[PDB]
Amino acid sequence: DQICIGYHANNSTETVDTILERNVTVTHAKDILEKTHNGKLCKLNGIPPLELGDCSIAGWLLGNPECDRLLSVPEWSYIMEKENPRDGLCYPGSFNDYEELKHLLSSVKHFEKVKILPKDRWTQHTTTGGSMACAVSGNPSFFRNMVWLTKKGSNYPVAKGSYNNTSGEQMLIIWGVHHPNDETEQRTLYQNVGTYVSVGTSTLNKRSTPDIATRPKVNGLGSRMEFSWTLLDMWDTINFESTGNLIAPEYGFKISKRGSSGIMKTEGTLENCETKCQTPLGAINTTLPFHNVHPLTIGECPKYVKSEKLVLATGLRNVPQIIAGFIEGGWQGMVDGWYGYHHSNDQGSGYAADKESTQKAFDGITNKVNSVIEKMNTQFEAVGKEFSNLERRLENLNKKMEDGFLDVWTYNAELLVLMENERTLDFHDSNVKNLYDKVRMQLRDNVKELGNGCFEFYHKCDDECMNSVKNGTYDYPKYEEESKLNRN
Amino acid sequence: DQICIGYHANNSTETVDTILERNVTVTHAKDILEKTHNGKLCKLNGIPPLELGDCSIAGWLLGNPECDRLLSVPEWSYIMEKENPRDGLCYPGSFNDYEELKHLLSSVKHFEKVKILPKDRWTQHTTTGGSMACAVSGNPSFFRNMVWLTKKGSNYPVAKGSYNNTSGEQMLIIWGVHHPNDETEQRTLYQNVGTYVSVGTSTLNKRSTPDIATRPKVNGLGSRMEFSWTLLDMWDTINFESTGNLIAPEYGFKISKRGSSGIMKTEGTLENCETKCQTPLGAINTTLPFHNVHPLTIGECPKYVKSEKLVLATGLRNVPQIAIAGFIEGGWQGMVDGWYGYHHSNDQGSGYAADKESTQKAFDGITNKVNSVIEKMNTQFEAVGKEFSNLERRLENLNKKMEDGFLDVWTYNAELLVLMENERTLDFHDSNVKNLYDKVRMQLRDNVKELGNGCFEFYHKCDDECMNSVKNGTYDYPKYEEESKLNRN
Amino acid sequence: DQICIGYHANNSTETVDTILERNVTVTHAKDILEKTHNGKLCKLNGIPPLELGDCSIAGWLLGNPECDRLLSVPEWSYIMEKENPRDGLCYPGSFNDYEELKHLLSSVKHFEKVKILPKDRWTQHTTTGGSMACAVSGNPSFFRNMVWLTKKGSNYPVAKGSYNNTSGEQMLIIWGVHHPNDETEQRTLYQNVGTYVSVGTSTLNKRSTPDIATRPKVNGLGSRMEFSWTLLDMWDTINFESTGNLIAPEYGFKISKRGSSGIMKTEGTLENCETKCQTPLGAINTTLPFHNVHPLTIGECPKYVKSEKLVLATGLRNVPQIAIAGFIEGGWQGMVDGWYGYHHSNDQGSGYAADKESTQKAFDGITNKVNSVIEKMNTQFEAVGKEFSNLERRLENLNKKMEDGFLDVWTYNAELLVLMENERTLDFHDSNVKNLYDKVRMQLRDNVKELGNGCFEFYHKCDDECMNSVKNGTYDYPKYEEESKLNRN
Ligand SMILES: CC(=O)N[C@H]1[C@H](O[C@@H]2[C@@H](O)[C@H](O)O[C@H](CO)[C@@H]2O)O[C@H](CO)[C@@H](O[C@@H]2O[C@H](CO[C@]3(C(=O)O)C[C@H](O)[C@@H](NC(C)=O)[C@H]([C@H](O)[C@H](O)CO)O3)[C@H](O)[C@H](O)[C@H]2O)[C@@H]1O
Ligand SMILES: CC(=O)N[C@H]1[C@H](O[C@@H]2[C@@H](O)[C@H](O)O[C@H](CO)[C@@H]2O)O[C@H](CO)[C@@H](O[C@@H]2O[C@H](CO[C@]3(C(=O)O)C[C@H](O)[C@@H](NC(C)=O)[C@H]([C@H](O)[C@H](O)CO)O3)[C@H](O)[C@H](O)[C@H]2O)[C@@H]1O
Ligand SMILES: CC(=O)N[C@H]1[C@H](O[C@@H]2[C@@H](O)[C@H](O)O[C@H](CO)[C@@H]2O)O[C@H](CO)[C@@H](O[C@@H]2O[C@H](CO[C@]3(C(=O)O)C[C@H](O)[C@@H](NC(C)=O)[C@H]([C@H](O)[C@H](O)CO)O3)[C@H](O)[C@H](O)[C@H]2O)[C@@H]1O
Ligand SMILES: *[C@@H]1O[C@H](CO)[C@@H](O)[C@H](O)[C@H]1NC(C)=O
Ligand SMILES: *[C@@H]1O[C@H](CO)[C@@H](O)[C@H](O)[C@H]1NC(C)=O
Ligand SMILES: *[C@@H]1O[C@H](CO)[C@@H](O)[C@H](O)[C@H]1NC(C)=O
Ligand SMILES: *[C@@H]1O[C@H](CO)[C@@H](O)[C@H](O)[C@H]1NC(C)=O
Ligand SMILES: *[C@@H]1O[C@H](CO)[C@@H](O)[C@H](O)[C@H]1NC(C)=O
Ligand SMILES: *[C@@H]1O[C@H](CO)[C@@H](O)[C@H](O)[C@H]1NC(C)=O
Ligand SMILES: *[C@@H]1O[C@H](CO)[C@@H](O)[C@H](O)[C@H]1NC(C)=O
Ligand SMILES: *[C@@H]1O[C@H](CO)[C@@H](O)[C@H](O)[C@H]1NC(C)=O
């Protein structure tokens with residue numbers, strides 16, 4: 001006496017947003033944005049980071065006496081540094097092309113220290129200088145990877161030193177030039193006035209001269225030390241020549257292995273954990289195409305946006321009924337699929353569920369979500385560059401570029417989710433109506449529409465007849481004759 | 001008796017573009033692109049800008065004698081500068097890190113001039129030097145904020161000077177080095193050869209040597225003056241030492257205010273008006289989310305898109321054509337109460353009507369759609385504008401390409417959104433009308449007859465109350481079922 | 001009798017991808033991505049390129065003796081250069097601001113070499129110096145466009161020279177400074193010790209001092225030679241002055257065309273063709289909006305995308321299976337005259353036809369959609385290739401990041417747009433067919449019988465004329481109202 005069409009309802013209270021209506025309660029949803037992190041600084045793919053502590057890159061490479069534990073550092077995954085490290089250049093001065101050196105370090109995973117110029121080779125100079133700026137146990141000291149050359153007796157012969165790169169791969173060499181305060185300092189230390197420092201390779205030619213002038217006292221001294229670096233290629237030679245004011249290197253840094261790394265500015269300490277994507281705030285264990293944790297991440301991190309909510313609609317609208325049809329609303333007791341029928345024949349009732357339509361819809365929505373998710377191209381992220389106080393325009397350019405790309409991706413994500421939600425919520429209603437129309441057109445003129453969602457039979461359509469009606473194979477003539485009799 | 005389903009039509013002539021069709025006429029439309037301006041330069045939030053006139057930034061800061069009106073400048077919101085200022089470096093020369101100085105000036109908004117090295121302190125030199133390039137009333141003169149040190153008698157003692165920044169904020173200081181033409185000028189001015197100019201701070205250490213060489217004559221002189229600048233931090237000392245060829249500063253520029261500003265490149269003047277957004281052509285008084293007036297802007301402004309028409313569709317399609325039939329032909333021109341409605345023609349009389357629920361639902365949907373489109377855009381206090389020297393062409397190309405790419409991306413996004421939501425809205429209205437027709441048909445069942453034009457022909461006698469119930473959902477099939485079979489037979 | 005409604009099917013095997021399903025076969029498809037080139041380097045707009053061979057830009061401009069084929073070069077469309085040229089600076093040294101010079105050369109289409117300082121005006125210096133690094137047939141030689149100045153007798157007077165730019169356009173001038181190895185070399189070549197080189201223009205002021213030190217041997221020499229360049233404006237003068245170590249110029253390079261070009265890093269030669277776009281792999285001849293050949297192109301051509309397939313679905317879904325059934329069972333292979341149509345079987349035969357109005361409307365809509373996704377692209381003569389030095393790694397990373405980001409954005413846009421448009425068109429065709437069926441049903445009404453498959457059995461007798469009457473849309477309902485009532489019962 002009754003076969004009806006209706007859809008599925010449940011107790012879900014998930015809300016998605018479309019472009020024509022907000023706060024739409026749905027049965028099934030899927031968040032595609034992650035907002036959680038572990039909160040600890042961990043190991044990236046099992047490799048511990050380089051914990052500099054309160055030391056700077058310059059202090060580590062030059063051998064600041066306070067950074068004595070960073071003398072034989074092993075493999076590392078990324079560098080952990082403080083915003084304002086305390087122990088950098090103990091002797092006041094500058095470091096030429098510091099940011100370029102940091103950028104180079106952003107792609108190096110190991111260093112091996114090679115003794116290129118031994119300290120005892122300077123048989124005609126004094127190699128025991130020091131200062132109270134870099135002092136250990138009260139007594140003066142100096143950088144542990146550099147040599148300060150001073151006159152022996154009352155003479156400063158021309159100092160010449162050379163090295164040929166027979167180590168195996170590229171080498172990093174740092175030297176410095178000392179600028180005294182007054183003329184008496186220069187005469188006491190180097191015995192000559194008008195000195196020069198010459199450094200030359202196959203691709204480098206630099207000659208520097210000292211500057212003597214009264215300067216404001218930094219760390220109790222009016223003198224400065226300017227440091228420079230170069231990258232010595234394989235099978236190349238470097239030459240040193242100076243009549244005074246030379247801080248000769250004693251060790252060279254050889255690149256052992258290369259890879260993808262970065263410098264992360266955190267004030268934390270490493271803890272025992274293993275991670276893949278590491279933000280300055282904590283680790284991430286995710287699979288979604290979006291997150292809103294931190295922009296400057298290191299690793300394989302999906303995507304950063306300023307959207308606080310991105311939920312895709314995977315199911316139908318939750319419209320409880322207050323046997324009716326799909327005009328009134330969904331059904332609570334039809335837990336077998338998505339779309340289905342209901343019947344009340346002589347034998348017994350029961351909430352069935354159509355299989356082909358539900359399967360087709362499930363495949364379509366699954367393909368939709370997979371297409372949205374699996375079109376992101378996530379690569380290694382190591383963004384974050386350092387700029388000097390005389391490169392503000394470049395810093396502004398970088399900031400604007402990142403901001404613009406972020407805004408574009410945010411707009412794309414929000415547009416995609418809204419339009420997709422609207423299309424899916426229309427798709428489900430279209431499928432329900434298609435099923436009802438197919439059933440009605442196959443049944444033809446042996447039934448009576450009731451205007452609420454379903455029919456009333458003009459004949460005794462038994463259980464096999466009923467399954468045939470749902471099967472799609474309903475014989476019209478073989479029950480036609482009786483229907484005409486009752487309808488009239 | 002009869003009843004029909006139809007929609008609204010009027011005498012609008014607006015046009016929207018869809019992806020499937022061009023030049024579609026609609027009843028209602030919304031414009032979300034601003035293309036007009038007042039053609040004036042006004043004050044931003046009540047604070048007038050700085051009008052340099054024919055003076056450059058270097059001429060203002062160095063104290064050009066022809067820029068004397070700028071010796072004491074109040075607070076500003078932005079700076080107006082001509083493309084090729086005439087009154088600049090009166091004495092020929094250069095200015096190291098000029099573009100960086102301008103970029104710093106882009107976020108300053110106020111300065112205070114503080115006398116750090118008074119001119120009378122140089123008791124062992126001469127401080128009354130002037131050139132005919134920077135001449136006032138015929139006699140020679142010089143920059144008003146700088147001091148030219150020259151030998152006193154027949155001797156040039158070592159010149160020393162210092163300043164401790166006890167003012168409370170960062171200070172900007174400019175010095176200079178003089179490059180003569182020949183050796184006799186060097187001997188006449190400084191009495192010795194092989195000189196130096198040394199400047200040192202806590203983070204700066206610079207030494208310079210003058211260059212003596214014959215040069216092409218600019219402004220009648222072959223000599224040049226090179227200027228440099230620095231930013232002195234709080235509680236920090238600057239030291240000056242020179243054996244000759246030093247143009248010492250007399251004043252320092254303290255940063256009083258700080259904020260978002262910029263440098264406009266215009267040849268116009270200031271006019272008595274107010275605004276919240278600015279372009280080099282004129283101000284913009286708008287609330288729409290997009291504009292296409294000028295890329296260069298100062299303040300919170302609608303996003304720039306290379307577009308000429310961005311119109312959303314709010315109402316329905318326009319088919320003026322209309323016994324009165326239904327929606328098969330077109331809309332009704334007399335149903336001014338809403339968007340969807342009916343038409344009842346019982347024996348008592350006739351009259352159009354509008355259904356409230358569908359109209360309210362469609363109105364809410366359209367309104368929130370336009371809200372979603374408009375409100376998903378972030379506008380900040382962008383301060384577009386940057387200068388590059390003649391040795392940084394690659395940087396200028398990079399900046400131009402970045403800006404052009406981002407603008408193009410945003411234009412494409414906005415255009416595609418508008419073009420797709422228009423078609424979605426039209427399909428929405430068609431579907432809503434069809435849904436109303438189908439609901440009425442299903443509630444009416446076989447009590448009526450369809451004539452194939454959106455209308456129904458009632459079989460019984462439907463009075464005014466009967467039709468009122470029909471357009472209400474309170475229509476009872478059994479109450480008229482018994483007589484209904486008689487008419488069909 | 002009977003009249004059935006269905007769509008058209010053929011034997012196509014083209015596939016498109018939607019956002020709800022994959023592996024979807026369609027009747028007609030359009031490819032908008034070009035994946036093939038010509039494989040050869042050819043002329044652009046009839047103008048042959050400039051083939052540097054094994055020479056570099058520095059070697060060509062300076063006058064390297066190996067690059068003697070380029071002492072007179074005609075107008076060019078673009079420059080082809082190798083990744084690691086062999087014949088560059090024969091004398092070891094360096095070239096200041098090389099990348100800026102290449103960037104400037106990326107916008108110049110012709111040069112006119114002009115003799116600005118002849119070699120015979122140096123009447124007090126020797127001008128016949130050479131080296132074994134730049135050797136022609138064993139004997140030492142030197143750069144063809146530069147002059148090496150050496151002491152005459154035992155004296156090196158002050159070298160002085162000047163040129164006034166009266167040519168008619170901007171000029172390029174290159175000069176060099178020589179750094180010896182030991183003091184003996186300096187005394188042998190220039191007599192005096194402690195020399196200088198000064199070059200000055202209206203906007204340039206430089207003073208270089210030679211550096212004497214022992215350096216690793218490159219090309220058998222420990223000495224080096226440093227080169228600098230400048231751009232001299234019209235009606236301007238350049239002054240040279242030196243006491244030693246001056247590599248004076250003899251020719252200037254006047255810019256004479258000033259168009260749009262570039263430098264292509266290729267390792268191939270030139271053939272005899274004529275193209276419009278030129279990628280390093282080969283030439284492109286197409287009229288499509290996309291290609292995936294190479295990121296760097298020269299000329300005008302489609303936009304680059306990192307993808308493998310972009311197919312637009314124009315036709316209908318291809319289901320083969322079809323008394324005759326209708327669109328519900330599937331399409332037909334018989335009526336190849338349109339997309340949607342009717343099928344009738346009356347007493348005087350049977351056949352197929354097509355509804356012209358619906359097919360025309362769908363065709364225009366699809367063409368508008370295709371042209372709207374194609375014509376919204378912004379195409380321009382853009383420059384991509386840029387060069388950076390070993391101390392400019394951050395800038396190179398910035399440029400690479402910007403290019404990769406824009407490429408990813410546009411690729412994603414193209415893919416998602418294609419998917420969405422395919423879904424819309426495949427639903428649009430079904431909506432059109434269903435609308436046709438519903439229109440015929442509403443018009444035809446009670447005189448007929450629906451049958452499920454998608455068609456209608458008449459309750460009266462009909463012939464061809466009635467079939468056209470149904471097909472055109474004018475079907476007289478009352479003319480069979482009495483007749484259809486009799487056959488109903
Ligand atoms: C070695 C030493 O202590 N020299 C001090 C110098 O004494 C001279 C003696 O060597 C010479 O033969 O005879 C004269 C008298 O005719 C002295 O007795 O006297 C100077 C002042 O008169 C000291 O000045 C102070 O030096 C301080 C710096 O000392 C240190 C430092 O703590 O940084 C450490 C070393 O003593 C000193 N020398 C070396 C070779 O390392 C270095 C060096 O002077 C600079 O750091 C680098 O140029 O610095 C302060 O600079 C203080 O301001 C100053 O007055 C000599 O220390
Ligand atoms: C002060 C003055 O006018 N000096 C001129 C100089 O006079 C010599 C005087 O110093 C000496 O004691 O006695 C002899 C006679 O025994 C002279 O009277 O003579 C020069 C020519 O031989 C002039 O040179 C010309 O200077 C021009 C520029 O004039 C100014 C200027 O307006 O820029 C005048 C300024 O008074 C002068 N001094 C100062 C401190 O600013 C400057 C200065 O010399 C230049 O700026 C140096 O770069 O120049 C032209 O340059 C012209 O080409 C040149 O011949 C002396 O003006
Ligand atoms: C012109 C010449 O042959 N010079 C050689 C020099 O000559 C001496 C002469 O100056 C002196 O008065 O008398 C003695 C005999 O009593 C010599 O005849 O002697 C040098 C060695 O003692 C040679 O040195 C070698 O030069 C090599 C380079 O030759 C070239 C070159 O290929 O670069 C060519 C020319 O000799 C010269 N160019 C000129 C003069 O215009 C350049 C010149 O040295 C540049 O400064 C290159 O740096 O050198 C190698 O450099 C080799 O290492 C060196 O020992 C002189 O060739
Ligand atoms: C939707 O729900 C949120 C709570 O999650 C509420 O803040 C917001 O106001 C709601 N929207 C409307 C239009 O009421
Ligand atoms: C450096 O050592 C390598 C070892 O193979 C050698 O070939 C090269 O000539 C050396 N360099 C110099 C300048 O001797
Ligand atoms: C329903 O269709 C299935 C097709 O898999 C068939 O196996 C089954 O026998 C059918 N049942 C009836 C009652 O027709
Ligand atoms: C649409 O109208 C504009 C002017 O309003 C006209 O230029 C354009 O050709 C029209 N397009 C079509 C397809 O009619
Ligand atoms: C500069 O002034 C501050 C505050 O008055 C003071 O602490 C500092 O010592 C001064 N500098 C010097 C070098 O005395
Ligand atoms: C129309 O429907 C409303 C529903 O709230 C009801 O209150 C009203 O009585 C109805 N009017 C008639 C005439 O049935
Ligand atoms: C579609 O067909 C291609 C082969 O042309 C195949 O590689 C791809 O996997 C197919 N898509 C799906 C979803 O199977
Ligand atoms: C260079 O030539 C132009 C035109 O011939 C002339 O006006 C100018 O004065 C000349 N330059 C010099 C320095 O004389």
# chains A, B, ... in the order shown; residues from 1 in each chain; ligands from 1

$ interface_residues --of "chain C" --to "chain B" --cutoff "7 Å" --atoms "only C-alpha atoms" --output "PDB file with C-alpha atoms, in the first residue's frame"
ATOM      1  CA  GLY C 200      85.488  60.976 -14.437  1.00  0.00           C
ATOM      2  CA  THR C 201      82.228  62.022 -16.081  1.00  0.00           C
ATOM      3  CA  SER C 202      79.340  64.316 -15.138  1.00  0.00           C
ATOM      4  CA  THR C 237      82.443  64.169 -21.695  1.00  0.00           C
ATOM      5  CA  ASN C 239      88.112  62.258 -18.767  1.00  0.00           C
ATOM      6  CA  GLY C 365      27.280  28.428 -25.179  1.00  0.00           C
ATOM      7  CA  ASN C 368      31.611  31.091 -25.592  1.00  0.00           C
ATOM      8  CA  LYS C 369      32.896  29.086 -22.617  1.00  0.00           C
ATOM      9  CA  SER C 372      36.262  32.817 -22.395  1.00  0.00           C
ATOM     10  CA  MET C 442       4.007  19.813 -21.460  1.00  0.00           C
ATOM     11  CA  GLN C 443       2.965  20.846 -24.971  1.00  0.00           C
TER      12      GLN C 443
END

$ interface_residues --of "chain A" --to "chain B" --cutoff "6 Å" --atoms "only C-alpha atoms" --output "ChimeraX atom specification"
/A:19-20,215-216,451

$ write_last_selection --atoms "N, CA, C and O atoms" --output "short mmCIF file (atom, residue, chain, number, x, y, z; two decimals), in the first residue's frame"
data_model
loop_
_atom_site.label_atom_id
_atom_site.label_comp_id
_atom_site.auth_asym_id
_atom_site.auth_seq_id
_atom_site.Cartn_x
_atom_site.Cartn_y
_atom_site.Cartn_z
N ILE A 19 28.24 29.26 -0.31
CA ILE A 19 28.23 30.64 -0.78
C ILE A 19 26.85 31.27 -0.74
O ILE A 19 26.72 32.48 -0.99
N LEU A 20 25.81 30.50 -0.42
CA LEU A 20 24.47 31.03 -0.27
C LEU A 20 23.91 30.85 1.14
O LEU A 20 22.81 31.34 1.41
N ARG A 215 87.66 55.79 18.75
CA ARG A 215 86.31 55.28 18.57
C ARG A 215 85.64 55.11 19.92
O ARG A 215 86.32 54.95 20.94
N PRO A 216 84.31 55.14 19.96
CA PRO A 216 83.62 54.83 21.21
C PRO A 216 83.96 53.43 21.69
O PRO A 216 84.11 52.50 20.89
N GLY A 451 1.82 13.40 -2.89
CA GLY A 451 2.27 14.76 -2.72
C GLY A 451 3.17 15.00 -1.53
O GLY A 451 3.63 16.13 -1.34
#

$ closest_residue --among "B:154, B:107, B:469, B:96" --to "residue 258 in chain B" --atoms "only C-alpha atoms"
B:107

$ residues_near_ligand --ligand "ligand 11" --cutoff "6 Å" --atoms "only C-alpha atoms and all ligand atoms" --output "PyMOL selection string"
chain C and resi 164+166+235+237

$ write_last_selection --atoms "C-alpha atoms" --output "PDB file, in the first residue's frame"
ATOM      1  CA  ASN C 164      82.751  64.378 -26.111  1.00  0.00           C
ATOM      2  CA  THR C 166      78.478  63.885 -30.194  1.00  0.00           C
ATOM      3  CA  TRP C 235      76.573  65.784 -25.077  1.00  0.00           C
ATOM      4  CA  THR C 237      82.443  64.169 -21.695  1.00  0.00           C
TER       5      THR C 237
END

$ residues_near_ligand --ligand "ligand 6" --cutoff "8 Å" --atoms "only C-alpha atoms and all ligand atoms" --output "ChimeraX atom specification"
/A:464-465,467-468,471-473

$ residues_near_ligand --ligand "ligand 9" --cutoff "9 Å" --atoms "only C-alpha atoms and all ligand atoms" --output "list in words"
residues 465, 466, 467, 468, 469, 470, 471, 472, 473, 474 and 475 of chain B

$ residues_near_ligand --ligand "ligand 3" --cutoff "6 Å" --atoms "only C-alpha atoms and all ligand atoms" --output "ChimeraX atom specification"
/C:129-133,180,185,188,221,223

$ calpha_fit_rmsd --fixed "chain C" --moving "chain B"
0.4 Å

$ residues_near_ligand --ligand "ligand 10" --cutoff "9 Å" --atoms "only C-alpha atoms and all ligand atoms" --output "list in words"
residues 367 of chain A; 15, 16, 17, 21, 22, 23 and 24 of chain C

$ residues_around --residues "residue 339 in chain C" --least-positions-apart "2" --cutoff "7 Å" --atoms "only C-alpha atoms" --output "list in words"
residues 7, 8, 341 and 359 of chain C

$ residues_near_ligand --ligand "ligand 1" --cutoff "6 Å" --atoms "only C-alpha atoms and all ligand atoms" --output "list in words"
residues 129, 130, 131, 132, 133, 180, 185, 189 and 221 of chain A

$ residues_around --residues "range 177-179 of chain A" --least-positions-apart "3" --cutoff "10 Å" --atoms "only C-alpha atoms" --output "ChimeraX atom specification"
/A:93,148,182,185-186,196-197,208-213,222-228,242,244-248 /B:205

$ write_last_selection --atoms "N, CA and C atoms" --output "tab-separated table (two decimals), in the first residue's frame"
chain	number	residue	atom	x	y	z
A	93	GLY	N	84.05	44.41	16.54
A	93	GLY	CA	84.37	44.47	15.13
A	93	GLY	C	83.15	44.14	14.28
A	148	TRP	N	97.01	35.57	16.25
A	148	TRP	CA	97.34	36.99	16.27
A	148	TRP	C	98.85	37.14	16.15
A	182	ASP	N	95.23	54.14	18.50
A	182	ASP	CA	96.16	55.25	18.34
A	182	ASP	C	97.46	54.75	17.73
A	185	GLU	N	99.73	52.36	19.81
A	185	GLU	CA	99.31	50.96	19.79
A	185	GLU	C	99.89	50.24	18.58
A	186	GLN	N	99.80	50.87	17.40
A	186	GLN	CA	100.35	50.28	16.19
A	186	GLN	C	101.86	50.11	16.30
A	196	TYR	N	99.77	46.70	5.21
A	196	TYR	CA	98.76	46.18	4.30
A	196	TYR	C	98.56	44.69	4.57
A	197	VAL	N	97.40	44.19	4.17
A	197	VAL	CA	97.06	42.78	4.27
A	197	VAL	C	96.53	42.34	2.91
A	208	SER	N	93.76	45.19	1.92
A	208	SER	CA	93.14	46.03	2.93
A	208	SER	C	94.21	46.77	3.72
A	209	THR	N	93.85	47.98	4.16
A	209	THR	CA	94.75	48.80	4.96
A	209	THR	C	94.09	49.14	6.29
A	210	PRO	N	94.87	49.23	7.37
A	210	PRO	CA	94.29	49.51	8.68
A	210	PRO	C	93.79	50.94	8.80
A	211	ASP	N	92.88	51.14	9.75
A	211	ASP	CA	92.35	52.45	10.09
A	211	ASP	C	92.64	52.74	11.55
A	212	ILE	N	93.29	53.86	11.82
A	212	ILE	CA	93.63	54.28	13.17
A	212	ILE	C	92.84	55.53	13.50
A	213	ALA	N	91.93	55.42	14.47
A	213	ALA	CA	91.12	56.56	14.89
A	213	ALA	C	90.51	56.25	16.24
A	222	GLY	N	88.75	50.59	22.34
A	222	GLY	CA	88.53	51.48	21.22
A	222	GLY	C	88.98	50.94	19.88
A	223	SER	N	89.47	49.71	19.83
A	223	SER	CA	89.92	49.08	18.60
A	223	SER	C	88.87	48.12	18.07
A	224	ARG	N	89.00	47.77	16.80
A	224	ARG	CA	88.06	46.90	16.11
A	224	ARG	C	88.80	45.83	15.34
A	225	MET	N	88.06	44.79	14.95
A	225	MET	CA	88.61	43.69	14.16
A	225	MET	C	87.60	43.33	13.08
A	226	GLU	N	87.98	43.54	11.82
A	226	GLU	CA	87.11	43.27	10.68
A	226	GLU	C	87.47	41.93	10.07
A	227	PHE	N	86.48	41.05	9.95
A	227	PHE	CA	86.68	39.69	9.47
A	227	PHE	C	86.04	39.50	8.10
A	228	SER	N	86.70	38.71	7.26
A	228	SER	CA	86.23	38.40	5.92
A	228	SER	C	86.37	36.91	5.67
A	242	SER	N	101.33	40.13	4.54
A	242	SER	CA	101.00	41.27	5.39
A	242	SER	C	102.26	41.77	6.07
A	244	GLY	N	101.74	43.82	8.58
A	244	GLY	CA	101.19	44.09	9.88
A	244	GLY	C	99.68	44.00	9.87
A	245	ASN	N	99.12	43.87	11.07
A	245	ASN	CA	97.67	43.91	11.30
A	245	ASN	C	96.95	42.75	10.62
A	246	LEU	N	97.48	41.54	10.80
A	246	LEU	CA	96.89	40.34	10.23
A	246	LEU	C	96.49	39.38	11.34
A	247	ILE	N	95.25	38.90	11.27
A	247	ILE	CA	94.78	37.83	12.15
A	247	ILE	C	94.67	36.56	11.31
A	248	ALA	N	95.74	35.78	11.28
A	248	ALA	CA	95.83	34.65	10.36
A	248	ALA	C	94.96	33.50	10.84
B	205	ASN	N	82.60	52.47	10.98
B	205	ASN	CA	84.02	52.79	10.90
B	205	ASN	C	84.32	53.09	9.44

$ residues_around --residues "range 81-84 of chain C" --least-positions-apart "2" --cutoff "7 Å" --atoms "only C-alpha atoms" --output "VMD selection string"
chain C and resid 52 to 54 56 79 86 263 to 267

$ residues_around --residues "residue 338 in chain C" --least-positions-apart "6" --cutoff "12 Å" --atoms "only C-alpha atoms" --output "ChimeraX atom specification"
/C:6-10,27,315-316,332,352-363

$ select_by_dssp --residues "range 80-192 of chain A" --states "strand (DSSP E)" --output "ChimeraX atom specification"
/A:80-81,93-95,108-115,131-136,139-141,146-148,159-164,171-179

$ residues_around --residues "range 274-277 of chain B" --least-positions-apart "4" --cutoff "8 Å" --atoms "only C-alpha atoms" --output "PyMOL selection string"
chain B and resi 42-46+283-285+297-301
